[PDB]
There are 10 protein chains.
Amino acid sequence: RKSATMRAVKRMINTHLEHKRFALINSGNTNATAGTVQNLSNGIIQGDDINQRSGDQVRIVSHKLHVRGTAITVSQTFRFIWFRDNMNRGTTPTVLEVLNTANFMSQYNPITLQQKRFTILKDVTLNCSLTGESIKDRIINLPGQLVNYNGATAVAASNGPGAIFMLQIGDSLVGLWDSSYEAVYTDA
Amino acid sequence: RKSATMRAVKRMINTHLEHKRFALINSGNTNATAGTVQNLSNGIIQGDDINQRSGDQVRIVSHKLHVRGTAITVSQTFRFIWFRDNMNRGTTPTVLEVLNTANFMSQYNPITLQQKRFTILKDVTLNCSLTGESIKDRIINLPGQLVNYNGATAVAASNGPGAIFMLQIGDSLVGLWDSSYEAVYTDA
Amino acid sequence: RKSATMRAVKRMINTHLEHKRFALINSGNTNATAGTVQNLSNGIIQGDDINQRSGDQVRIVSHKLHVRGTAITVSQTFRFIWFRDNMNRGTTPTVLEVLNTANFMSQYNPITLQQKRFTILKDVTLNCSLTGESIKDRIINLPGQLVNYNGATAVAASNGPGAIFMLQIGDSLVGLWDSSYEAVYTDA
Amino acid sequence: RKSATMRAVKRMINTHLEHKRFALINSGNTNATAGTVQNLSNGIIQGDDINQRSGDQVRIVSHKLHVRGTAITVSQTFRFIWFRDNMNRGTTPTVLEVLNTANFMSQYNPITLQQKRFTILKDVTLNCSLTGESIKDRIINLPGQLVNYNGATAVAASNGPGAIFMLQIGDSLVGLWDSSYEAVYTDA
Amino acid sequence: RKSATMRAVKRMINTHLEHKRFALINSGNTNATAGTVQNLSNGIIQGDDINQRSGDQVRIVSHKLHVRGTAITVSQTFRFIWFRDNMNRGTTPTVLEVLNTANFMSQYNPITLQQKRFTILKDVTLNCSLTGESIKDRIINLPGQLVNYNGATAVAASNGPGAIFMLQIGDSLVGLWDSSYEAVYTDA
Amino acid sequence: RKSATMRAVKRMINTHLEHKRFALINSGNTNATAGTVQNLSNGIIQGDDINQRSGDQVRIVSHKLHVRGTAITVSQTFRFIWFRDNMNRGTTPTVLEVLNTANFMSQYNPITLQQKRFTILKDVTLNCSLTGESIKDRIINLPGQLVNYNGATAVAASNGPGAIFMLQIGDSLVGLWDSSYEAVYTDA
Amino acid sequence: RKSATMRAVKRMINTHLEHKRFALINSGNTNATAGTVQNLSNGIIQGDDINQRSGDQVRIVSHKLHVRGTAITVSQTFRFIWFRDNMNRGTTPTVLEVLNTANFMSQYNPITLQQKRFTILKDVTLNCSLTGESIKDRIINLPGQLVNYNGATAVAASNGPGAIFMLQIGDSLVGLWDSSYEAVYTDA
Amino acid sequence: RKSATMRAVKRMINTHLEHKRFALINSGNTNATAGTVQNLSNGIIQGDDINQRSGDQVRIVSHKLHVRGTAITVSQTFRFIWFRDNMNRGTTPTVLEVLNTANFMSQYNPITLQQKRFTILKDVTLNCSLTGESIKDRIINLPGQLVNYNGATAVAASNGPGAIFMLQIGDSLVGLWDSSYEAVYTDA
Amino acid sequence: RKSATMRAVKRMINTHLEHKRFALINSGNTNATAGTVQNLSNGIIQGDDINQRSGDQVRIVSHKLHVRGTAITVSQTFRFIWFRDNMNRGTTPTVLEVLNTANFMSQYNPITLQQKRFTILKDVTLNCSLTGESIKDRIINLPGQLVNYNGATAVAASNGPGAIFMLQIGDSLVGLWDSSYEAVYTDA
Amino acid sequence: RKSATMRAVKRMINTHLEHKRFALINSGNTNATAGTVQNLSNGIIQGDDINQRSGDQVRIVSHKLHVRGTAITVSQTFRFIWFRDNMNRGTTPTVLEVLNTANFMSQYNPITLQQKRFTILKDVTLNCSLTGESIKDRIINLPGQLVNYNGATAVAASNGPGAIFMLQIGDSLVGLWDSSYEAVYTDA
Ligand SMILES: [Ca+2]
Ligand SMILES: [Ca+2]
Ligand SMILES: [Ca+2]
Ligand SMILES: [Ca+2]
Ligand SMILES: [Ca+2]
Ligand SMILES: [Ca+2]
Ligand SMILES: [Ca+2]
Ligand SMILES: [Ca+2]
Ligand SMILES: [Ca+2]
Ligand SMILES: [Ca+2]
Ligand SMILES: [Ca+2]
Ligand SMILES: [Ca+2]
Ligand SMILES: [Ca+2]
Ligand SMILES: [Ca+2]
């Protein structure tokens, strides 16, 4: 009925927009017991290319995260938290903004999750064993939202509301992890 | 049921376009008896930033003029004419193109208003009194239109059909006026 | 019915997009017995101007080809094949990719036409006679399609799927031909 | 029905207005490689006669262009571009305002055609051959529109929005062309 | 309706069959006053390639003839008779089988056209004038029929019922003519 | 209903065509960090046997990939990318045509995936652990599409639009991988 | 439903009758300023062959005239008048019976056209130029009527009501013309 | 309904046509191991009698074949193949055109039967035994078709499309066979 | 109705496929008391001719057996068993696979007829009497089924599921029998 | 409705038939690189007990296969192919009849799978790892079909159409596998 008419309107809108693609790779990082936060959507900068943007908005159609862990010298845990910062004013968020404590086992920060500063996209835990599977990986594909920006370059000050991030935290410092990201997006 | 569904299609179209914003300030200008014409939409130049444009068209969603006059040494009248040039071929229009005579009390130019060279957005008259209210101001908000451009930079030759202008004219030379403008626009 | 309001949805979509225009002229070329292939849509490069593009996709709304032959020293034939390379990977197609043999009388290449590598837009034959009408010309105007690109500049490696090309081939070497091209397109 | 009732209203209106007529001839002109622009509707001046106007507006009911080409010393091309200047502010448009380059093979000016500064009524190419048909001609009849004026006399400063022009451009300087024009119009 | 559903069944049948293509060229031939008969479909021989066939039947989907004539030393006429031999038993048909007399002006053979031995596909007459247009061409595209074969190779004995031929006849001997032929066919 | 009627029409079409079958095996290959691209559909060559083809088209009904990896001397990753080359013009595609970088973690090439040069059929990642499960395999079965060919033999120049390939890439060089492939197809 | 039933009756009547064919050629005739009248249907004589007749009636199903002119020594006009004599009593009609004067420019004879002695089938005028196209031709195909006869042989006295004729008249004596005629007819 | 009144229309058509009859007897012929082909419908020649024809077409209403074998010196087989040559061009068909080999046991020629050069009316096998029934016979009565002719007399060159023939072939040379034929036909 | 719609779908499928034809003859064979088994469908080998096949499947549309027996020196019986081997794996079946004992009077093999290894097409018994009718024949025509092949050539190892055979068995050794076979088939 | 009461008819039929059960165990077999084929349904021999049969037919209601691999000295792969020979004539099938090559990675035999000689019931791959899970197993339970037999005892010559077999093939020779089988069947 009319709801199918409106979804057809959305599809024919999307046939007139270029679906731009940005890809990213991030390899050879050590497991962090205190945790690190990695930028994902920040690499889309202002310009005229296929992985660049016009203005301070894109609209992510779909976006895909691939994480991979490798246990070195001990069996260990890799935790990856794919999340969206709905309220970013030009920073990279810290670990204690996202987690209640800077421990890999921790639950989320109660205040920032109550006020919906962050939306969790996926919480992935890889347990890599030196006597079992020492290499584990996970690929997650999700539809995206609006991404606002506060600048033109690929710095932390260009992050805006809707910026996509990944937190890595684990129980060791020795093991290694890799990451890759793509985002299909429109820039109308 | 016809305009409502076409209105919803307009909502879905506009939620896919980046609404870009350009702001402008213009302070410390003397009152003009012969009148001057100021540029408003000309400062949207070609580029990739939020206040810039792609190509030679933008479509103003809404735009806002703020005028303010203050009387110096005599009581005087400030007249601000917010207008759109429908037929601009790369100039800034003169005062006698818009007004019948170059006087602050004048009615519009009959020939150019007959052929609809200009559309008057708002005609504002501020009377500033040194024995009463010496400072007056006025803020006007309007929905916009298509703006064509004839160039890439912020010169008069880049003005095209649909360009937004402001005419200031008064009855003294010594009083001061300020203006500020902002336009919300799409660049699809 | 709903098909016509879908048409009105498409028209009001196209109202919000800038219709960018690219123009090109190519004069003073000799008739070729082995044939040459000329680039048409390749001249739309990345940038912010009215004849430039963002990203790697444009959608040609309409595009117009003007070919013109002039007989020199003999009465001769000019053949112009306006075509779309549906599968281009960053080249300019050869004459034997399009035509079964490199002769002006030849039918199309059977394999590349069976696999729909090329869509023929228009095949135009001008017979210019030194005892008759020594100058002939033809203008063809057609609705367009999606054009993909593989690069940012105007080289052969930026041609992509949907690229517009023109093949000239004739029966003499000494006659002259001119061509010109324009493309109305959106770059959303 | 009601649409034909409104059509009968329009016919009853047009039976109460004098249909004025203006004729023009322009013979013995050489072919221009850079191009020239000729005035057509400029010759309706203010006055009380049958080919004159009252005020600054007329409404062209129908208007008819006749062009003719004659090859002298070489076979050549005559290009005639009948067009309406929608945005004229008291000039005769130049060639580069209409055409992208000043060549007879050129496509239109992308900027001025995007902003609809000009509406092309008819584009006519005559190829005249000293070994074939040395004389060619073409007669085009079209319904008209509102023509505004900016003055009273038959000068370029009296041209206004909706003025009718013809651009001649060719590939030689030697051959001769002729023109004639009529306009049937109401002056209510 | 019945025709619509059988048409959809026919499209689903044809999209499951390979549309094979055969191309032919035939240049540099003199005008014949007695007339000659050329083979068109005979070059589809038995084999496994895209321009070959399996068995003794193909079904031509569409096929395309291109004829071209050029006058040498006299103004002359070229006649081309595209025809299908419905009843061929392994020959190339003679001129007097098709035409009532071996003259370029002659009507068809009354007996063989009465018994429907031949079906005329197109009868094309080119008048080439050395004081006017000395080079003429004509391209004809038509849907095809079943073709049977009496052999495997490209000899006249492999021609069968449904074979495609072109008769050329003219009024001079010295002028030249060119031809080329394409056939899109299925081989199920 | 009528959709099931066209479904039964497709059933009766397919029961009148021979379902031909081609099988391939490919063992004893080393893990590649730069990645290699293997041919799958290319082994169907022109001929008259059950695993051969007529002409330059087959229609794959279903086809089946079996990959297998075994870790040697280190725990490692094997990535297999089953993909269809929609736009192949007689090559074997390179790794950087498919992947954004030549690394086993990399996302796809943004340009070639935007223009739909490739369609990914399956992306399979095997992590082989010398302290856990050092041998992994994966069998994928999928319905097929049309395959075009540019030649007759089993060379890369015979690959055409619709050709089937497998990209293998990993994080070590010394581990081994095996593959086998089946394609059920019609050749009508 | 009425006319279609009677139409099917006529078609099934015509399936039971032999469609007899008569062909004719007439070449190498000089252009006549006073005009000549040529016999077309008179060559169907009494007998038993395919181009002969039984009795004094045939019914022409369709019939085809081919005229061709060639300018010699001057550019000249060839006029061919294909016509039916509805009232022939065993003559060949003169030129002044058909035309008002024996001039090539003349209109028809007013008395014989008022009383419908003649029905004009086609009036064809060929202008052949020694500096343009010196050879022109025309083929006309028409359905026929009843032809009565007054005798058995191919003489003028055998012409009857419904006899088919061709008048040639021109403006020179030097140029040459050819003719051919064909008639499909039933003889029940 | 209308189908029966179309049948009545056909019957009243056939009431107005003379049903002409031709009769033929062929006695005293020896059995043939290589086979012979006999003419049946060829004996209807041009003329005015009851067993003759006008033009080149008759329509056989019904036709009747009587074959009769007689064994001499051995028990043997007589095979009679009554058939219609659909594509005859003025010959008598050979035995190898009909039969795959020239043996009495042979199946039909696959190529000429696939292209429908011949329609088999009746295949009749008589086994005559010198210790049993030494004389056998068979009469077959069938409705007929259109017969075209290529000449006026009773020679092989007058056979045309639709001609009726009979093939005798056996396993001995010394036995005798007789045949007789009649054809009821219309000659409208 | 819709069943006739599916029937028309089958007819329109079959008019798009070549009906290929294979013919066989087999003469001069002695009567067998132990019985022999003859190959019928095996002679359709892989190739490109009208009596050859593509791949390993054909679909027999109709096929025709002709048997004939002649008594020598004794009155005797000839039995012919036309049968389809449903389950053939590359052999010629033996007599005891079909018959319960190797005698001309025997009923079928109970096990192989229970499991439907064979389908009997026709069981023909000719009694040839030297004091009566010493020569008998019988022609059987039947619609066909799918035939699979296990090879390419005309050997017993190419016989597959659906192969057609004839078993001959009798009660004497000295009498002679003849056979021939046709198969109309599709090879899509 | 009628489908449910036909189901109830089948259930009340199966209530009156004894559901006979046969069980089988096969332990201690080595992994095979060339592969072996094991008999499953062959052990149901003729007799009167619960695991025996009457006649040559049973109908398997359900049947259950349990395979189990154990890695010895190397990590290896066990492949078990549970299949039904639809066309067995008293053999045990070879490995090359089922698989295209005698390798554990191989796809199926294309010819025998096209002619449906075998139906694959289940293809099972066990990867046993000496550093991981060294013992794997799998139980598959399926509804059965008709089984025909060719003899009374448990030899290969009693296998018939519908016989159940298992193929083991692997990549090592020293690892061990066990299997067990049961079949619930009726013997009416
Ligand atoms: Ca841009
Ligand atoms: Ca944007
Ligand atoms: Ca005060
Ligand atoms: Ca824009
Ligand atoms: Ca774009
Ligand atoms: Ca007026
Ligand atoms: Ca083949
Ligand atoms: Ca074929
Ligand atoms: Ca094919
Ligand atoms: Ca007669
Ligand atoms: Ca008559
Ligand atoms: Ca007749
Ligand atoms: Ca086949
Ligand atoms: Ca039983």
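The numbering of chain D matches Swiss-Prot: 9-196, in order.
For this deposited structure, the header notes the method as electron microscopy, 2.4 Å.
Using N, Cα and C of the backbone, Cβ positions are placed for all residues, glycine too.
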Candidates D:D56, D:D131, the one Swiss-Prot lists with D:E26, D:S62, D:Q65, D:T139, D:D195 as binding Ca(2+) 1: D:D56
One finds that other Cβ atoms within 10 Å of the Cβ of D:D195 (Ca(2+) 1 binding site) number exactly 16
If you rank the binding-site residues D:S62, D:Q65, D:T139 by how many other Cβ atoms lie within 10 Å of their Cβ, the lowest count goes to D:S62
Rank the binding-site residues D:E26, D:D56 by how many other Cβ atoms lie within 10 Å of each Cβ and give me the one with the fewest. D:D56
Using Cα positions only, nearest of the binding-site residues to D:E26 (Ca(2+) 3 binding site) (D:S62, D:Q65, D:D195): D:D195
Three-state secondary structure, which DSSP defines for D:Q65 (Ca(2+) 1 binding site): strand
Secondary structure of D:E26 (Ca(2+) 3 binding site) (DSSP, helix/strand/coil): coil
Could you tell me the C-alpha distance between D:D56 (Ca(2+) 3 binding site) and D:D195 (Ca(2+) 1 binding site) in angstrom, no decimals? 11
I need the CA-to-CA distance for D:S62 (Ca(2+) 1 binding site) versus D:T139 (Ca(2+) 3 binding site), whole Å please. 50
Taking chain B as the partner, extract the binding-site residues from D:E26, D:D56, D:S62, D:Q65, D:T139, D:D195 whose Cβ is under 8 Å from a partner Cβ; order them by sequence and answer 'none' if none remain. D:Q65
As a whole number of Å, the Cα atom of D:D195 (Ca(2+) 1 binding site) is distant from the Cα atom of D:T139 (Ca(2+) 3 binding site) by 48
Would you mind listing, in sequence order, any of the binding-site residues D:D56, D:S62, D:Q65, D:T139, D:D195 that have a CB less than 8 A from a CB of chain C? D:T139
Binding-site residues satisfying Cβ distance under 8 Å to any chain H Cβ, from D:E26, D:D56, D:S62, D:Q65, D:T139, D:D195: none
